[PDB]
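Novice: A single structure is presented below for examination.
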Amino acid sequence: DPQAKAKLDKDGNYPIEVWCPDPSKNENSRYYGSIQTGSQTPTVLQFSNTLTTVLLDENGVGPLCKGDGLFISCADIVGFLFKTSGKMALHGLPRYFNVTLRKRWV
Amino acid sequence: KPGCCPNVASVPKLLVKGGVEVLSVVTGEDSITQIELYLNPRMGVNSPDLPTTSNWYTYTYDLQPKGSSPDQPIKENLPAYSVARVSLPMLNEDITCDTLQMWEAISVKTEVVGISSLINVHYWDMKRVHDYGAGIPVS
Amino acid sequence: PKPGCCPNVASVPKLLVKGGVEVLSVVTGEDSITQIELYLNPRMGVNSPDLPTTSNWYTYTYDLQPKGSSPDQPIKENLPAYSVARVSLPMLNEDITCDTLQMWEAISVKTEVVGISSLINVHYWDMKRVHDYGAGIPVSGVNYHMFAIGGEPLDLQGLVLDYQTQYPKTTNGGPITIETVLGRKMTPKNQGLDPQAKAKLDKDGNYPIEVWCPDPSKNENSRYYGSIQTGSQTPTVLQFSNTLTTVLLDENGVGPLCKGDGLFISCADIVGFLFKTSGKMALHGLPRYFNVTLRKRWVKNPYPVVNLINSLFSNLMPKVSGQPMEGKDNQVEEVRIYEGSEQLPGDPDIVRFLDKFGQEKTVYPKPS
Amino acid sequence: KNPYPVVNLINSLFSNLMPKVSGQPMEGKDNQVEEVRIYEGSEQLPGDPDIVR
Amino acid sequence: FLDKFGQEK
């Protein structure tokens, strides 16, 4: 719907099941996402500490902190774990973020 | 002197390490300011404080599709995001100038901590794959 | 020696020694290149093969099952572990008059998993059949490999999957956990990460994968690569070759510095479940091969040695158990300092102090 | 002339600066390190990089 | 080898 556009304020009160980021609005912010689903499908994660990711656009800017607050946000639901009672529940892993800032004239 | 001494390469030097109370610091015109932030996912159980129901942390309660219209999921039953806002110092003291100063991020070096933790094939009620076998891992 | 009457070849770096471990002592020039090759047997719950009866399984856990009732407790030989090996390095010369020392640095790590052809043993004498009256289901499902080269050992943090379960505490060299390294009984806050649960790793067959993961907060001198792919009977594809050389420099341009002249290698590997006819299954690892390459690099010593060496001796610097002169209950009351001489101030009760920026500022007496 | 540099020598005492782990044996008898090469200088190409001496 | 110095008593 073109008239259903919220923002991201509360910590654990915006469900991922009913929200998905709006690409026409978030012109200043950047976001990288993925999805893989299925019942007994495997998950695969590669991880390192030298996978330095640039954030520069096609014109050479970044996420300029309007209001001097770096909004950072994620959710990293990684899999179901099963139970011998037949019950299922999903488990998530926390994430490490290493943001590099720089002074730039405006 | 550059006569008799081995020459070494130049790297951007440290000035300040430490915790959160030292963000409020002034520097020169240049900075490669790094922030090592983390956040754990507030989904289902948003805080480990209340004792009698924080048996699970970073989990949901058991997802069951209901079978009767309509459904009504619990607050515990559905996942969510996790937002955070690090605070940053003010840059320009006199904002009457023609050229304001403003902070911009350029690099993120993300990684999933606890990634090797999820291979817990032994658990106290994990669902077995077959008879007398080990339970399946997180998938 | 005539160049026009004899062919010429390319220029290749000259071999100087090829041999065992005891040839790191060779005095080399200012610009050498050192290649050293390692291998690490994985400690998959069974740490040593010399044991008389329990060495029937080497690099295998002992047929793990879910318990069925809270709380669970595994055996010492149930959980797998990492594998560390501090390889030795020689001591290298310095230059005190310019305050520079040289020290080792890794540049390129070549790696491969040896024994990778031992996976396809589908005629194993206890392996269960995938179809009835047929062949065996090969090693598959969960694989996990994570190596780490570096000048310091890794920094790794507590990330248990269920805080309620209890682990066998160290009665003699046992596998230590969060509750051993902190001492107090573990909270549910360490279900997710917790910055008061850091640890370094010193014991190879004792730190379990199941609760401990290499945390990238404090690992500026250690690089590590890792991959998970988990499931019941999922395929596991791992390529291996003789020509993939991982360059390991930084954004700044220099690699890991072997501080203390030790190169702390770190390794772990799990490649599959082998299934048994009774239904019991077990984690099985593989040993890795390393070919880390070293080069001598000059640095600058950040610690002034004359400021450091006095703090060490009891006779040159005596420590005394007096009355508290710093902290909350300081009995030293007021200290001035005088530098130079300006003209006479307004009253000797005036007080100055340096600001945050670093310039002098006569503070103004406010009523109180 | 002294055998050892005084700079790197004192750094071995401070345990925050010089760590020491047990690990697996990389020295002595029956260790798990196979081949160590030393490359210094440059010359013409040998017949193979596996010269037996 | 720099680890062989420490035998302190």
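The numbers here are math on the coordinates, done by the rules we state, and not lab data. Cβ placement follows ideal geometry from the backbone for every residue including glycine, while neighbour counts extend to all protein chains displayed.
Novice: Might you report the magnitude of the Cβ-based charge dipole of chain C about its Cα centre, with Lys and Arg at +1 and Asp and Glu at -1, to the nearest 20 debye?
Specialist: Computed charge dipole of chain C: roughly 1120 debye.
Novice: Another one. Between C:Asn121 and C:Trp57, 0.36 nm times their residue separation minus their Cα-Cα distance comes to what?
Specialist: 21.5 nm
Novice: Apply the Karplus curve 6.51 cos²θ - 1.76 cosθ + 1.60, θ = phi - 60°, to the phi angles in segment C:276-281 and return the couplings in whole Hz, x for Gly and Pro.
Specialist: Per residue, the Karplus-derived 3J(HN,Hα) values read 10, 5, 6, x, 5, 10 Hz.
Novice: Run the quick spin-label model on C:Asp250 and B:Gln101: label points 7 Å from Cα toward the beta carbon, then report their separation in nm to one decimal.
Specialist: In this crude label model, C:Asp250 to B:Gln101 measures out at 2.6 nm.
Novice: Quick check on packing: order D:20-33, C:347-360 by the mean number of other C-beta atoms within 10 Å, highest mean leading.
Specialist: Those peptides, ordered most packed to least, come out D:20-33, C:347-360.
Novice: Explain nothing, just the number: relative contact order of chain C, from Cα pairs under 8 Å at least 6 residues apart, as a whole percent.
Specialist: 28 percent.
Novice: Roughly speaking, what is the centre-to-centre gap between segment C:329-343 and segment D:18-35 when only Cα atoms are used, to the nearest Å?
Specialist: For segment C:329-343 versus segment D:18-35, the Cα centre distance is 56 Å.
Novice: Take the eigenvalues of the Cα gyration tensor for the protein assembly as shown, scale each by 5, and report the square roots as semi-axes in whole Å, largest first.
Specialist: So the three semi-axes of the protein assembly as shown are 45, 41, 27 Å.
Novice: Going by average Cβ neighbours within 10 Å, how do the peptides A:40-47, C:185-192 rank, with the highest at the top?
Specialist: Answer by packing, highest mean first, reads C:185-192, A:40-47.
Novice: Follow-up question, since we're still on this one. P(r) tail for segment C:233-368, what percent of Cα pairs lie past 26 Å?
Specialist: Considering segment C:233-368, 69 percent of its Cα-Cα pairs are separated by more than 26 Å.
Novice: If you average the sequence gap of Cα pairs under 8 Å that are 6 or more apart and divide by the length of chain A, what percent do you get for the contact order?
Specialist: Worked out over chain A, it gives 15 percent.
Novice: Separation of segment C:250-297 and segment C:42-119 by C-alpha centroid, Å?
Specialist: The two parts, judged by their Cα centres, are 7 Å apart.
Novice: Could you line up E:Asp3, C:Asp162, A:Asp1, D:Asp50 from fewest to most neighbouring Cβ atoms inside 10 Å?
Specialist: A:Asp1, D:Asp50, E:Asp3, C:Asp162
Novice: If neighbour count is taken as other Cβ atoms inside 10 Å, put C:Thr362, C:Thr61, C:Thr246 in order from fewest to most.
Specialist: C:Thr362, C:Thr246, C:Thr61
Novice: Tell me, what ³J(HN,Hα) does each residue in segment C:213-218 have, in order and in whole Hz, if you take phi through Karplus 6.51 cos²θ - 1.76 cosθ + 1.60 with θ = phi - 60° and put x for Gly and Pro?
Specialist: Karplus-based 3J(HN,Hα) across segment C:213-218 equals 10, x, 7, x, 8, 10 Hz.
Novice: Turning to a different aspect of this structure: Test of understanding: ordering C:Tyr224, C:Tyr144, C:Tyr338 by Cβ neighbours within 10 Å, fewest first, what list do you get?
Specialist: Placing the least packed residue first, the sequence is C:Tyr338, C:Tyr224, C:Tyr144.
Novice: Go through C:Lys18/C:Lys259; A:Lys10/C:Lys185; D:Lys1/E:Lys4; C:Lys203/C:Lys300; C:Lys76/C:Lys203 and tell me which ones have a Cα-Cα distance over 23 Å in this structure.
Specialist: Working: C:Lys18/C:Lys259 25 Å; A:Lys10/C:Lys185 32 Å; D:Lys1/E:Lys4 21 Å; C:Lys203/C:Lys300 32 Å; C:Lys76/C:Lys203 14 Å.
Cα-Cα > 23 Å for C:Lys18/C:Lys259; A:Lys10/C:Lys185; C:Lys203/C:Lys300; rest within.
Novice: Per residue, what volume in Å³ does the Cα convex hull of segment C:3-300 take up?
Specialist: Per-residue hull volume (Cα only) is 220 Å³.
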